[PDB]
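# Structural features, examined
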Amino acid sequence: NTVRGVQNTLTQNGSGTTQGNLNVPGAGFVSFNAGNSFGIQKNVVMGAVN
Amino acid sequence: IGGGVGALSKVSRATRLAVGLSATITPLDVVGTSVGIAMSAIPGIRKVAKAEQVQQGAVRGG
Amino acid sequence: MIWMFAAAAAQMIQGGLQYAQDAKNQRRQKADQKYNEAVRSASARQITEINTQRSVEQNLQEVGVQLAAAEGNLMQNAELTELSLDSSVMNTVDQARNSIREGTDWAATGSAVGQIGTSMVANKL
Amino acid sequence: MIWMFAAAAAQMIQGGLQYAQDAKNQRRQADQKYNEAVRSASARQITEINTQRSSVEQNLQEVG
């Protein structure tokens, strides 16, 4: 159970990483995190912000 | 009791090992102590836990 | 339905007959035949004579050739930039460039050209 | 993932089909006698043709 708990923390419950980027006029590229508490997959969250 | 894959072979090997190691200072004592050990390990029991404490411990892993 | 396969069956009949008829020919007979095949090599030699001897479209072919050449040149040149991180020559270069170019925001630079956009030639003629 | 091997699978499909065609091509054959002579003759001609066809940048070579 402890091994599985450590693995879950490492892999983030199997959902994968959520780091991203944005295009801001003038300012250029900036960092952006797509994590959310409702389970919406990354490329779907990034749809409305664009 | 029965059903295993060979019984005489294991006994005739254990006796030789017990004789060899004594070269717990006589062959009888090696047989006697081999069972005293392997049975003295205090067992662990399951118990209910508070969720928060376990998650804190697991987070210090990773 | 049986009647859909009539044509296929009719075509398949012919294969079976000549398969059996070819076998019968061989049983009824041989050295002379081999000689003729060897002489057939002369035809290959005769055919070997010819074998041994062996305005937009023009612009398109030229474009293809020069494009291939340019790709090759760039591929061959990239090799030194690949090692730039440890080659000594690229320290003399990239120093000469800076000395000959007396906190630059790249994003700011692009917007200036973008705003002018497609009226460049119009605004200077 | 399963979808990152699609290109490799698509490229590998073509290998199997060719491997089967050669078996049939060789099985459909005594024309080998005629076939061999063509190569046996072409090799000599090819060999004959091949036989028939058979500042600072200077100071550096001199230094070497």
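Residues numbered from 1 in each chain as written, not as in the entry; some residues may be left out. Chains lettered and ligands numbered in written order. Part of a larger assembly, values for the part shown. Heavy atoms only, no water. Residues with missing side-chain atoms left out of burial classes, pairs and counts.

Per the PDB record, the structure was determined using cryo-EM to 3.32 Å resolution.

Here the PDB entry's recorded title is "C4 pre-infection ejectosome of the mature bacteriophage PhiM1 particle".

## Some words on the overall build of chain C
Stated precisely, the cut-off is as follows: The way it works is that DSSP assigns letters per residue, a run of H or I at least four long becomes a helix, a run of E at least two long becomes a strand, and they are numbered from the N terminus. Computation of the radius of gyration draws on C-alpha atoms alone. For the globule rule, the value is 2.2 Å times the number of residues to the power 0.38.
Within chain C, the secondary structure is distributed over seven helices and zero strands. When the helices and strands of chain C are read in sequence order from the N terminus, they spell out α-α-α-α-α-α-α. Its C-alpha atoms give chain C a radius of gyration of 37 Å, clearly above 14 Å, the size a compact globule of 125 residues would have. The dimensions of chain C, computed from C-alpha atoms along their principal axes, are 100 × 50 × 40 Å.

## Looking at the overall build of chain D
For chain D, the helix and strand inventory stands at three helices and zero strands. Across chain D, helices and strands are ordered from the amino to the carboxyl terminus as α-α-α. Expected size for 64 residues packed as a compact globule is a radius of gyration near 11 Å; at 25 Å, chain D overshoots this value by more than 25%. Principal-axis analysis of the C-alpha atoms gives chain D an extent of 65 × 55 × 15 Å.

## Here we look at unusual backbone geometry
If you check the backbone angles, A:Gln12 has positive phi at about 65 degrees while not being a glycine. Topologically, A:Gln12 is positioned in the loop between α1 (2–11) and β1 (19–24).

## Description of the pairing of strand β2 (residues 28–33) of chain A
A regular strand places its side chains on the two faces of the sheet in alternate fashion. For clarity, the threshold we go by: Strands are labelled as partners when DSSP assigns at least two bridges between them.
The sheet contact formed by β1(A) and β2(A) spans six bridges and is antiparallel. Within β2(A), the residue paired with A:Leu22 across the bridge is A:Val30.

## Re the pattern of salt bridges
Our working definition: In the sections that follow, a salt bridge refers to a side-chain nitrogen of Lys or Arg positioned within 4 Å of a carboxyl oxygen of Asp or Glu.
Its salt-bridge partner being B:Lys50, residue B:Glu52 comes within 2.3 Å of it at the nearest N-O pair. The salt bridge involving C:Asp94 is made with C:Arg97; its shortest N-O contact spans 3.1 Å.

## With respect to helix α3 (residues 41–53) of chain C
Test applied: A helix is expected to reach a length of 1.5 Å times the quantity of its residues less one. We define the bend at any residue as the angle between the axes fitted to the seven residues before and including it, ending there, and the seven starting there.
With 13 residues, α3(C) extends 18 Å between its outermost C-alpha atoms, agreeing within 8% with the 18 Å of an ideal straight helix rising 1.5 Å per residue. The axis of α3(C) is deflected most strongly, by about 30 degrees, at C:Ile47.

## Brief notes about the packing of helix α2 (residues 31–39) of chain C against α3(C)
Residues and elements named next belong to chain C. Put simply, the rule reads: Orientation is described by lines fitted to C-alpha atoms, with helices fitted over the stretch in contact, and by angles between N-to-C directions that extend from 0 to 180 degrees. Throughout this description, any angle smaller than 35 degrees is read as roughly parallel, any larger than 145 degrees as roughly antiparallel, any in the 65 to 115 degree range as roughly perpendicular, and the remainder as oblique. Working rule for contacts: check all heavy atoms of both residues, and any pair within 4.5 Å makes them a contact. Note on residue categories: nonpolar means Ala, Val, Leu, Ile, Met, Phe, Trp, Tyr, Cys or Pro, charged means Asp, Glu, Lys or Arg, and polar means any other residue, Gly included.
Where α2 contacts α3, the axes come no closer than 4 Å and their chain directions differ by 10 degrees. If you check the angle between α2 and α3, you find them roughly parallel. Listed contacts from α3 to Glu37, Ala38 and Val39 of α2 are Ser41, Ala42 and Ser43. Classifying every residue of the contact of α2 with α3 by side-chain character gives three nonpolar, two polar and one charged.

## Side note on the side chain of A:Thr18
All names here are of chain A. Keep this limit in mind: In the analysis that follows, any N or O atom pair within 3.5 Å is treated as a polar contact, provided that within protein one partner can donate a hydrogen and the other can accept it, and provided that, for residues neighboring in sequence, both atoms belong to side chains.
Structurally, the position occupied by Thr18 is in the loop between α1 and β1. Engagement of the side chain of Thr18 in a polar contact is seen with the side chain of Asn33, the distance being 2.7 Å. With sequence-adjacent residues up to four places away left out, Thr18 is seen in contact with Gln12, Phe32, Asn33, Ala34 and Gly35.

## So, the environment of A:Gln41
Relative to the elements of secondary structure, A:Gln41 occurs in the loop between β2 and α2 (42–49). Engagement of the side chain of A:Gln41 in a polar contact is seen with the backbone nitrogen of A:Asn43, the distance being 3.0 Å.

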